[PDB]
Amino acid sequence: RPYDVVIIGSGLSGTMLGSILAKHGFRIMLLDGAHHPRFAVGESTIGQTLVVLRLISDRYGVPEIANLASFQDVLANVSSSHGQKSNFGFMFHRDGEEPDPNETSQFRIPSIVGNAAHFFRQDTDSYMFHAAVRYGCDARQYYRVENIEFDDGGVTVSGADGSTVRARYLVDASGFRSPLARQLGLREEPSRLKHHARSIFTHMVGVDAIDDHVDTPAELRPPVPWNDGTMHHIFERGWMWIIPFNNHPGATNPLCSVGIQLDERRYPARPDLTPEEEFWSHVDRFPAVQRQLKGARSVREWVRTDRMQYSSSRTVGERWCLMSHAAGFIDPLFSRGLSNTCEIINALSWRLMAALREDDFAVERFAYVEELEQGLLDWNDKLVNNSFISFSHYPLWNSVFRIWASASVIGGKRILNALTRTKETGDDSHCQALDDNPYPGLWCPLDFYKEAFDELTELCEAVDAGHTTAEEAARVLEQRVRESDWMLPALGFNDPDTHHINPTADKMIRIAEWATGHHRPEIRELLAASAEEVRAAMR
C-alpha cells in the first residue's frame, strides 16, 4: 500500500535517484510544486561530474545517466539545445579599464575525463524525468507540500489540495525552500559558511563571443576560444558567468546563460533598481563586457536573490535524507553543485536500497552520507571563499587557479581508474574503495594536496581578516608552487607564467612517463603508464 520512497523535487537529483530506485523494483512517488518543462540553473559540467555520472550509470545499471556524461551523448540522446565546454576561462576587469591580457587564465579540459557540456537544464531535467516515469516512478506535478509527519512505520506528506502520500522513507531533493529543512528546523541560522554572494541571472539572446570584443596581442590569445567554454569575468568581490548554448557549428539553441555573483557585504542591495537595471549598472563598469553584451536581450523574468549560501546541522535522520542541494549551497563558481549531487547519489543509493530491503532505518547506516554531505559543502566553501578573496589581486588568484585545476586532473583520474578497474574485473571493490579516504568531500583527497590547500586557505583567510597583504600572500604561495614536485609540470601547473593550461596527447604521454619514476606513491598509482597505454586510453 505505502510507497517505498517519496522524493520531493523532480530536478536532476530527484529523477536520477528515482530512476535508480524504480529500476531496482522499488515503489517511488516524485512530488514537485512545478511542472516540466521548466528552467533550472546549474548549467556547466566539470571532469568530476562526467566520470561520476559514468560511475553511477555502470554501478546501478541506468544507461540514461551515462548519456549526460559527454557533449556527444547529450546531443544524441537528450536534445540539440546544449552548448560545448572545452575550457574554463577567467578574465580580470577593473572599473573603466580595458582588461589586461596578462591577467587571464584558461584550463582546457583534458580528453581523458571526457567532453564537458553547457546543459540546457529544461531538456536534461525533462529527459531524466521521462526516464524515471518510464522505469515506473509515479509523479504528481504542480503539487505543493504543506506538511511532513514521521511515525514508527513511515512518513505522511500532505498537499495543499488536501491529499496525502504515505511512504517508508522521504528524500528531499528541493533547494533553499526544502519543506523538510523547514519542518525539522535543519537550517543553521546563522549559516557556518564563510562565502558571501548574492546573484542576478537570466538567459539572453544576441550575446557575442568575448574573443571578438577584446584587443589581445596575437601571442597572449588563448589556444582555444573563450566562447567555446565557461567564461568568468572577474572583478573586486564578484564575477559574471557567460555560458553559451550556441558555441558550436549548427547549434540550434541561440540562448546564452548570464549571471553576476556579488559579495553583498561590499555590494549592498539596490531595491530602487529593477534586477535588469542593477545587472546593466555592473556591465557598464567594464568596457570589454559592455561591448560583448551590447546587443544582448533577456528572454526570461530576471532572478535577483539575497545572500544565496545556506547549510544544515543534519542531512540524514530516521526515514529521511536531505539531498546535496537541499542540504547546502556555496556558489555557481567552479560548477561543484552537480558534482556534489552525483557524489551523494553514488553513496546514498545502495545504502538506501539495503535499508529498504532489510526494513532497518538506523541512522548509523547513513553515517558516511552525513560525513560526505558536510565535507563537500565545507571544502566547496573554502575553494569559493579563497577565490573571491583572490579576485582583488591576479598574482594571488594565479596560485588559487593552478592548485584548483591541477587537483581536477588528479582527482578525475582517481575516479576513472577505479571505474576502469571495476569494468575490467567486475569487482565493485575498486569503486567502494573511493569511500575509504581520510578527507570526505575533498575533490583530490591526498595528504600532499590537503596540505597545499590548507596553506592556500590559511593565507587567503589571513588576507580577508587583514593579517597579511594580497601581495605578501601571493609571494608565499608562488614560491610553494615553484618548490612543488607534484603539479603535473608537462601541463604547466607548476609554472606561474603559464596562464593557459593546454593539455595535448604529447603532454599527457609525458605526464605518464614523469609519473612512472615519481617518489610519491599516489602520483605513481594515479598517473604512471607506458606511452602505449596512454595512446590506448585516448582511442
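In this text, residue numbers run from 1 along the sequence as written.
Q: Take the C-alpha B-factors listed in the entry for 43-51 and for 474-482, compute each mean, and give the stretch with the larger one.
A: Looking at the record's C-alpha B-factors, the answer is 474-482.
Q: Of 7-15 and 514-522, which one has the bigger average CA B-factor?
A: Comparing 514-522 with 7-15, the higher mean C-alpha B-factor belongs to 514-522.
Q: Which one of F245, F388, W443, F334 shows the top CA temperature factor in the record?
A: Comparing C-alpha B-factors across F245, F388, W443, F334, the top value belongs to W443.
Q: Name the residue from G238, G162, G136, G229 with the greatest C-alpha temperature factor listed in the entry.
A: Max CA B-factor in the entry, restricted to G238, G162, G136, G229: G162.
Q: For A405, does the deposited CA B-factor place it in the lowest, middle or highest third of the chain?
A: CA B-factor rank for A405: lowest third.
Q: Using the temperature factors of the C-alpha atoms in this entry, rank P489 within its chain: lowest, middle or highest third.
A: Middle third - that is where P489 ends up once the chain's C-alpha B-factors are sorted.
Q: Against its chain's modelled residues, does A269's Cα B factor rank lowest, middle or highest third?
A: Its C-alpha B-factor, which the entry lists for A269, ranks in the highest third among residues of this chain.
Q: Split into thirds by Cα B-factor across the chain's modelled residues, where does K423 land: lowest, middle or highest?
A: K423: CA B-factor falls in the highest third of its chain.
Q: Sorting the chain's modelled residues by C-alpha B-factor, tell me whether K507 ends up in the lowest, middle or highest third.
A: Within its chain, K507 is a highest-third residue by C-alpha B-factor, going by the deposited values.
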